[PDB]
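Next up, structure tokens for two forms of one chain, structure 1 and then structure 2.
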Structure 1
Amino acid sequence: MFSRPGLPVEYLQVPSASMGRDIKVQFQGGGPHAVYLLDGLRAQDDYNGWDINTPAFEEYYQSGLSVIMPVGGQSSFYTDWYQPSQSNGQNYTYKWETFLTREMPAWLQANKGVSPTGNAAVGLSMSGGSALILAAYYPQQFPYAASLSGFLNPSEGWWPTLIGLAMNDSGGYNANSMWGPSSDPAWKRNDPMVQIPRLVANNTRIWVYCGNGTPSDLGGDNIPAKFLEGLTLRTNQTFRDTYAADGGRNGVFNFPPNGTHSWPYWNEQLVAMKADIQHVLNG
């Protein structure tokens, strides 16, 4: 838990015009290019889950890379929502794609000397697919994307239902407010599997971790663990196979037999990809 004391970690307040509020960002300056560490489904408003559960700041200190941990956005999928969550009285509309691709990099460039292009997006759970989608649509900003235990095919089959249940359990957020009914084009637009041809076209460097065991982030107490584990395995296998079948050749896949969907294995991946990121972003 957390990193050693004494690191140059700043707690910034970054204005978001689109969301009508300041967004807290934990930041460690260390070079013009940065790793964006996105949080999981249960993202809190006090600290990013990477800081709470791992020594990420410590592990990337003097890496030649800046580290950016945005704080907040529980169940947001770091996306621009159609409207406020109608199930829990959310009093604004999540605009986290706008924040991550416009407002925050503009501010960090002007105030901290961080380049808006040539960065890495690293997500887990909910933000695993987010990281890939950001790379798909903003390749100049993110030539590198890592997805750790992400939702890789959110528009397909039972996934919109399962994601809806998880979002509801994580703070009462409503998936229909986010991307609409499952037939809405927003679901496929934000589906990494569907957007594989974009990742291939951009030659995005992707790093994909698949875990074993029950995805604790949610099944929903109705749903058998075996059912969810089976679906997760098949979806991941389909993603890897489809990436290759579509001409993808810039993807690192990690499926250790012992790996679980947990912070220790997600941190092990973050450490494992450090030299990879240093090479892609800094040469």
Structure 2
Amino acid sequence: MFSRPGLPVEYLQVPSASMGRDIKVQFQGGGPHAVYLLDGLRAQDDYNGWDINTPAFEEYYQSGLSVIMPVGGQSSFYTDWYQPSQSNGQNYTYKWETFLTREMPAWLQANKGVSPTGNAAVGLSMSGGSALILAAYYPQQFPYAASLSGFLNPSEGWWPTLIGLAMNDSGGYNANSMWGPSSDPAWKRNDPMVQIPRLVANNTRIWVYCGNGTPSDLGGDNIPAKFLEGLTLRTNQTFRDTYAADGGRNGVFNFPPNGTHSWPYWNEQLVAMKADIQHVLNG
């Protein structure tokens, strides 16, 4: 969308006792509360997708909010896996939920003064659901969560199968090593749709977005991007319906007649939610 720098962006090495390795984290200070920008399915080990494809850091510079971009975790869904991925030779078990909710916040608090509470989890595609799940089980840390083109009903119908195929295509990861067979309780535990009651109880402020598959001049005009957005939109519409039916009253639902499963649109939403996050996290 556009690079950015001249800005105070740091590259940190945060030890993960649970994963037995150091996790690289891109960071821009600016306030005690932060926006956790989670990556997509094809998360790389060099830079977080938001920095690679958008002016995210530049857009939140001097916003009164710090920006945290963890790096890595391809096809991890930012969850704690049952075991190492039985397929691509992963020699350790992904424990990203533990990292994001315990190890990383403790590190940032001790060394930089970033508050472990009152933050926002923002995810897209793969991590859209993850952000909502984090808010569902860790309300103190995440009173705010945004899901951009997320897959909000992972345990339903063919989603477990499709997620498995996508994970295999992205680094050869195995969904079975993550949450087990589709019949395993882990699938429902991490299903935003199923956890709506928790988001209601917590009074989580949620920002849910999803395009309809029709590209605009912003780009992302390709079959995969168009089909994926159109498909998951159905899940997002049902999430919205269920949220309301369950008593939900603190959400923003953006379902415009455009947008594909691509970065330009996720960046547009990141900008649009800035004021919303500022007012919710900084009163």
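Only residues modelled in both forms are compared. Heads up, when I say rigid core I mean the largest set of C-alphas that superpose within 1.5 Å between the two forms. When a residue number appears, read it as a position in the sequence of structure 1, where counting begins at 1.
Student: For the set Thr214, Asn254, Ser63, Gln26, which residue undergoes a C-alpha shift of 2 Å or more between the two structures, given alignment on the rigid core?
Tutor: Between the two forms, the residue that moves is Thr214.
Student: Has the Cα of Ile52 moved 2 Å or more between the two structures, judged after a core fit?
Tutor: No, shifts by less than 2 Å.
Student: Superposed on the rigid core, does the Cα of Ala245 end up 2 angstroms or more away between the two structures?
Tutor: The answer is no; the displacement is under 2 Å.
Student: If I align on the rigid core, how far apart are the two C-alpha positions of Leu228 between the two structures? Answer in Å.
Tutor: Between its two positions, the C-alpha of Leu228 lies 5.9 Å apart after core fitting.
Student: Which residue stretches between the two structures come out as moving, taking only runs of at least three where every Cα shifts by 2 Å or more after core superposition?
Tutor: Shifted segments: 2 to 5, 212 to 234.
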